[PDB]
Amino acid sequence: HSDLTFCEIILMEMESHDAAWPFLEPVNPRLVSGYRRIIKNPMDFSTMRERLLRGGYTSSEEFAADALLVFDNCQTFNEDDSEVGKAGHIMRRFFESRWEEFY
Ligand SMILES: Cn1cc(C(=O)NCCN2CCCC2)ccc1=O
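Taking the entry's author numbering, the leading residue of the sequence shown gets 1796, the next gets one more, and so forth.
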């Protein structure tokens, strides 16, 4: 319904955001040491993309839960002053403000 039409706007705008590069694809645990043991429920934009296209979101609140999970995992694994962590705060602050402009 009208809830999930804006989830497409935010996800599209989040995908094309400049600071979205750490979260476009799922984290590769073979390449990132310690990520498999620290992050229980990983989540990224592409995973939210394929679920949203298939329709697996019942309400907008599920979409926000996956989005906040991306930045929670980013803050949990990475330092705040790291290159991945710096982009996470930019993407997180962009989402919470853009999510505010509708709800
Ligand atoms: C979300 N996240 C991402 C990384 C990462 O190193 N991403 C590199 C992504 N590749 C660089 C250019 C092509 C894709 C590390 C920790 C983390 O939590």
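Note that the Cβ used here is the ideal one computed from N, Cα and C, for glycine as well.
- Task: State the CB to CB distance for the pair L1847 and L1806, rounded to an integer number of angstroms; the pair is presumed to be in contact (CB under 8 Å).
- Result: The C-beta distance from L1847 to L1806 rounds to 6 Å, short enough to fall under 8 Å.
- Task: Check whether the Cβ atoms of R1893 and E1810 sit closer than 8 Å, and answer yes or no.
- Result: In this structure, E1810 does not lie closer than 8 Å to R1893 by Cβ.
- If you scan the stretch 1843-1874 from start to end, which runs of the alpha helix (DSSP H) of 4 or more residues do you find wholly inside it? DSSP runs (the alpha helix (DSSP H)) wholly in the stretch 1843-1874: 1855-1872.
- Task: On a CA-only basis, which of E1891, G1829 and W1816 is nearest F1858? Give me that one, please.
- Result: The candidate whose alpha carbon is nearest that of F1858 is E1891.
- Does DSSP put residue 1902 in a helix, in a strand, or in coil? Absent from the structure is residue 1902, since the part of the chain shown begins at 1796 and ends at 1898.
- Is any heavy atom in ligand 1 found nearer than 7 Å to the beta carbon of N1873? True, at least one ligand heavy atom lies under 7 Å from that Cβ.
- Message: Measuring only the C-alpha atoms, how far is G1850 from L1799?
- Response: In this structure, the CA atom of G1850 is about 9 Å from the CA atom of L1799.
- Apart from the five residues just before and just after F1866, which ones in its own chain have a Cβ nearer than 7 Å to its Cβ? Here the set comprises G1883, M1886 and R1887.
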